[PDB]
Amino acid sequence: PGXXXXXXXXXXXXXXXXXXXXXXXXXXXXXXXXXXXXXXXXXXXXXXXXXXXXX
Amino acid sequence: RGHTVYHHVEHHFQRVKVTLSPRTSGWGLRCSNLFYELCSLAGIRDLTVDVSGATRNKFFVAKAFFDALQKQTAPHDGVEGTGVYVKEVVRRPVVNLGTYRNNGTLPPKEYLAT
Amino acid sequence: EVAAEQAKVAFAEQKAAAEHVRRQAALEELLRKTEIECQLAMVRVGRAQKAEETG
Amino acid sequence: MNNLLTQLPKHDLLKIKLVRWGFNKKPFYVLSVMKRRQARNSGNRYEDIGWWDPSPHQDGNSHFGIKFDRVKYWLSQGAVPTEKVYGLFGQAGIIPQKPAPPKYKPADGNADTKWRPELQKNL
Amino acid sequence: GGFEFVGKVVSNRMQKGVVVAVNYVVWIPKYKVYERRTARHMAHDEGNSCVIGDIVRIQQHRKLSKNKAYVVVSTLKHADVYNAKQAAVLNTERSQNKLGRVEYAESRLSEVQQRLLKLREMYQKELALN
Amino acid sequence: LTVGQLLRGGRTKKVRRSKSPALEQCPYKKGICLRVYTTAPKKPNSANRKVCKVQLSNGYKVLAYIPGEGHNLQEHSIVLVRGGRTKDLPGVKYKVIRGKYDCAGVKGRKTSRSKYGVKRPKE
RNA sequence: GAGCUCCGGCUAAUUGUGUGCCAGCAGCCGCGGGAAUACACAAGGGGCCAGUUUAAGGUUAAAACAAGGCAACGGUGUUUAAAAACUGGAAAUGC
RNA sequence: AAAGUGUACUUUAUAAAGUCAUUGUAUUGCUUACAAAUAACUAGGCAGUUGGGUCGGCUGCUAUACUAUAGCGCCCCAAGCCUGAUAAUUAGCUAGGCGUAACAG
RNA sequence: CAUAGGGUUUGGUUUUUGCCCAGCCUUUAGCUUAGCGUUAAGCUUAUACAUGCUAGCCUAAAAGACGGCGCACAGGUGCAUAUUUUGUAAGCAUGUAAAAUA
Ligand SMILES: [K+]
Ligand SMILES: [K+]
Ligand SMILES: [K+]
Ligand SMILES: [K+]
Ligand SMILES: [Mg+2]
Ligand SMILES: [Mg+2]
Ligand SMILES: [Mg+2]
Ligand SMILES: [Mg+2]
Ligand SMILES: [Mg+2]
Ligand SMILES: [Mg+2]
Ligand SMILES: [Mg+2]
Ligand SMILES: [Mg+2]
Ligand SMILES: [Mg+2]
């Protein structure tokens, strides 16, 4: 999307929008911050959010 | 012509920098007192000299000035191998745009042509 | 008005000339790259025959 | 900086006026096209058209310069010269002289000393 | 300035509206460089069918709302949109049959040769026009 | 620095402080004396230098040195203060101008009378 | 002709008398402890001149875009890294 | 229009004129873009807020453009808009002008 | 019409960094000062103000503005204002539209 973009590409007028890109771009906002944890506790969530075929 | 240098010279003696800029005949000398005395001995009449760096030791400053004068090149160096006639020409030097604006003057017409 | 009309005609002629120059240049570059690809393809065929013997 | 005005006034008149550009008791004037109601030496102008030196020189004459082509242009557009400018144009032969009304008031007996206290101190 | 722009579509969430991003440079006299900057402009879309990621051309127009004073004139490039049905057909073709080392290499060589031959003919025509 | 660093406020102009901050960028300042006493200089000097504590019209209090030989300054005396630092006295950065409202010039001075507020003898 | 200021060095311009780390001078380095061209006075001399000498501001005597350092002191514990800037590359599999 | 018009006003054995009142081909214009000091020990801001539809937006008296600045205001509808944003400190701006070889200040 | 350096850090030398001085421009303070002509100018307070003055002229439905024209011009200041402004550039439909000249 780049610097001036706020949503993902290939989004039609009928298709829905999400906040996945806003979190990545404006990551400094306190609303998106979390607490310190272990590597597995932080990596497992990200891995599942990209593959929808894993329970 | 026995009064200035052939072209711009920049020399780097250890921890000293010296610059020499030619000037038109009769313009005068613009340099420090030490270099003014040296120019009188050699016969230089029109030149601008700027020295910077670690100038505490005056032996180095004089040595750097001496070496700079020996780095010039002349139009007659190996002229036999060129196959041409190296002819002296008359061309007035120019100044930068800021100098013209402050003084309220114009450059040569060859450049203002429009 | 007369001068303006001539300028518009001049602009159209200049644009057409520029487009022709670019099109020829693009074709020349593409032809050279395709030739390089063809040479590599011929090399690969020889390796494929050699590899089949090892199998 | 002093870009000349292009749009004509909508509620006032254009005039050709004299602008004081002299020194102490050494007047010198410049003629320009300006709005009727303004400061005397305002920088708002449409064009500068001439100059005038009212004092005599060694040759015994006064000197006046003017743009002949541009004076006609502004007179056509509607610019109205002042009384003194009419006198200059009349003598220079640009336009016919403008008649003046009859005068009955006894003229002033002290015109060059009434307003100069330095002379009155000696008087 | 600001009569016409070409930019990328970054928002189609409004009714007959769109936001387009623009790049431009500014001269910094003190450091003798051009500084790259960006801006966002809202434009009117009569078709109301734009897709995020398209390259469009916008032109100055009469003010329509508080922040909308431009109109979309043309589209220079259409954004790609994923289509599951078409992708499934391609996967079936790829899995339908397989070739060996030699057969695949020979097929690749033949395809390149045919493409090269056609390109040569087009280049000669271009020279003839010249 | 890189081009990016220079664009993002890389260079900051150096800031230099004044030597007489109590003057608020003024050549002089009026005040009233609070205490008059003497102090000893630092090494290697030795003397009893005359100083006074003055409250300026802006409310600040500073130490001022009294030049010359002898003075008539007491508490509650109006004086004028200028810049100037006495090197051997620590913390003294101002001096009293002599010959002004209350301070008088050195008696018997013949040379540099202006710097000590002494008029030229008519006799 | 008339005043103001200065005469150890940077910086053009010296002798005498008084004082004795006292009185005082001082933009910087510094002078004064009984033999002071630096303090005070007299004479002589230098500079500017109906002006002259302090104090306080702007700018220059390259703060470094033309043009400074991390080698006197400064590179941060390491790695991962969808903004920005710059910009093609030699990866994966099997006993 | 430095003009025309009048059951109008003023001066004349000398008269040309001015004064007052009224009249213009649409009868006095809105909008957008770029640049311009510090500032993160200011990180979230906005709900008429972002966009769409009906209605209103007066001072008349050429004809069309399907209503021809605008959340400028009411009602209704959809959730969007900004993110070195928002909040602070300081200053009237342009420019002549003063220093500098220039750039800069 | 075109770029000048010097002093200082006390075993010596080299090297790095800091400090001070020489120019031009602008206001006050000390001492001192005859006259005439003239250029450019009034650099702190949007602190509080005695007194005089700065915009009036003309005409008349019964000797009088109530009517006409000006005060929409000049002169003063920089409180507020970081953009509401300032400095620039760009955009805004039509053969100006009717009528037998049959
Ligand atoms: K003394
Ligand atoms: K550490
Ligand atoms: K004031
Ligand atoms: K009237
Ligand atoms: Mg841990
Ligand atoms: Mg130098
Ligand atoms: Mg003295
Ligand atoms: Mg000497
Ligand atoms: Mg001395
Ligand atoms: Mg002495
Ligand atoms: Mg203010
Ligand atoms: Mg100078
Ligand atoms: Mg009237």
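Criteria and cut-off values
Residues numbered from 1 in each chain as written, not as in the entry; some residues may be left out. Chains lettered and ligands numbered in written order. Part of a larger assembly, values for the part shown. Heavy atoms only, no water. Residues with missing side-chain atoms left out of burial classes, pairs and counts. Core = buried A, V, L, I, M, F, W, Y, C linked by side-chain atoms within 4.5 Å. Buried < 20%, exposed > 50% of the residue type's maximum accessible area, 1.4 Å probe, protein only. Contact = heavy atoms within 4.5 Å. Near = heavy atom within 4 Å. Polar contact = N/O pair within 3.5 Å; in protein donor to acceptor, adjacent residues only side chain to side chain. Helix = DSSP H or I, 4+ residues; strand = E, 2+ residues; numbered from the N terminus. Expected span 1.5 Å × (residues − 1). Arc of directions from axis to C-beta. Nonpolar A, V, L, I, M, F, W, Y, C, P; charged D, E, K, R; others polar. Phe/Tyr/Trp six-rings, centres within 6.5 Å; stacked < 30°, edge-to-face > 60°. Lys NZ or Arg CZ within 6 Å of the ring centre and 35° of its normal.

- The PDB entry annotates chain D as bS16m of Polytomella magna.
- Its PDB title, taken directly from the record, is "Structure of the mitochondrial ribosome from Polytomella magna with tRNAs bound to the A and P sites".

- The PDB entry lists chain A under the name uS15m, with Polytomella magna given as the organism.

**Concerning the nonpolar core**
Inference 1: Membership of the largest hydrophobic core comes to 16 residues, with the highest contact counts inside it found for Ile16, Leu18, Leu31, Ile49 and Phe89 of chain D.
Inference 2: Each residue touching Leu18 of chain D, except ones within four places of it in the same chain, is listed here: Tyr29, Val30, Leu31, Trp52, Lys84, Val85 and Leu88 of chain D.

**Describing the protein's contact with RNA strand G**
All names here are of chain F.
Inference 1: As a matter of local geometry, RNA strand G sits amid 42 residues, with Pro27, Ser46, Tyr65, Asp88 and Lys110 nearest to it.
Inference 2: In RNA strand G, the atoms that sit within 4 Å of the protein are 68% sugar and phosphate, with bases accounting for the remainder.
Inference 3: For RNA strand G, a sugar or linking oxygen lies 2.8 Å from a polar atom in the backbone of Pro27.

**Concerning the side chain of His20 of chain C**
Inference 1: Mapped onto the fold, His20 of chain C is located in helix α1 (residues 2-54).
Inference 2: Side-chain polar atoms of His20 of chain C contact the side chain of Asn130 of chain E, separated by 3.3 Å.
Inference 3: In this structure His20 of chain C touches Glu126, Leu129 and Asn130 of chain E, once residues within four positions along its chain are discounted.

**A short note on helix α2 (residues 58-69) of chain B**
Residue and element names in this part refer to chain B.
Inference 1: Here α2 is 12 residues long and its end C-alpha atoms lie 17 Å apart, about the 16 Å a rise of 1.5 Å per residue gives.
Inference 2: Taken residue by residue, α2 has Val61, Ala64, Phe65, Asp67 and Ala68 as its buried positions. The buried side chains of α2 occupy one side of the element, clustering within an arc of 165° when seen end-on. Counted as exposed and oriented over 90 degrees from the buried face of α2: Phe59 and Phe66.

**Considering the protein's contact with RNA strand I**
Inference 1: Surveying the vicinity of RNA strand I reveals 38 residues, the closest of which are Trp27, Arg30 and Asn57 of chain B together with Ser114 and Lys119 of chain F.
Inference 2: In the model, a phosphate oxygen of RNA strand I is placed 2.8 Å from a nitrogen or oxygen of the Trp27 of chain B side chain.
Inference 3: At 2.8 Å from a phosphate oxygen of RNA strand I is found a side-chain nitrogen or oxygen belonging to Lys119 of chain F.
Inference 4: When residues of the surface near RNA strand I are assigned to their parent elements, the largest contribution, four residues, is made by strand β4 (residues 47-53) of chain B.
Inference 5: Residues of the surface near RNA strand I, tallied by class, amount to 12 nonpolar, 14 polar and 12 charged.

**Considering the interface of chain E and chain A**
Inference 1: Listed as interface residues are 11 residues of chain E and, on the opposing side, 13 residues of chain A.
Inference 2: Here the residues of the side of chain E that touches chain A are counted per class, giving six nonpolar, one polar and four charged.

**Things to note about the packing of aromatic side chains**
Inference 1: All told, the structure shown has eight aromatic pairs over all chains when counted by the stated rule.
Inference 2: Where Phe13 of chain B meets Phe60 of chain B, the ring centres are 5.7 Å apart and the plane angle is 75°; that geometry is what we call edge-to-face. Of this pair, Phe13 of chain B sits in strand β1 (residues 9-13) while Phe60 of chain B sits in helix α2; the two residues are 47 residues apart in sequence, bridging distant segments of the chain.
Inference 3: Using a relative accessible area of 28% as the deciding quantity, one classes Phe60 of chain B as partly exposed.
Inference 4: When the ring of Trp27 of chain E is compared with that of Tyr34 of chain E, the centres are 5.2 Å apart and the planes differ by 65°; the resulting orientation is edge-to-face.
Inference 5: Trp27 of chain E gets classed as partly exposed once you look at its relative accessible area, which sits at 42%.
Inference 6: Through a chain of ring-to-ring contacts, the aromatic side chains of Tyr46, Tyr73 and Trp74 of chain D assemble into a single cluster.
Inference 7: A cation sits over an aromatic face here: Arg35 of chain F above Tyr37 of chain F, 3.9 Å from the ring centre.
Inference 8: Positioned above the aromatic ring of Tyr101 of chain F is the side chain of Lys100 of chain F, whose terminal nitrogen or guanidinium carbon lies 4.8 Å from the ring centre.

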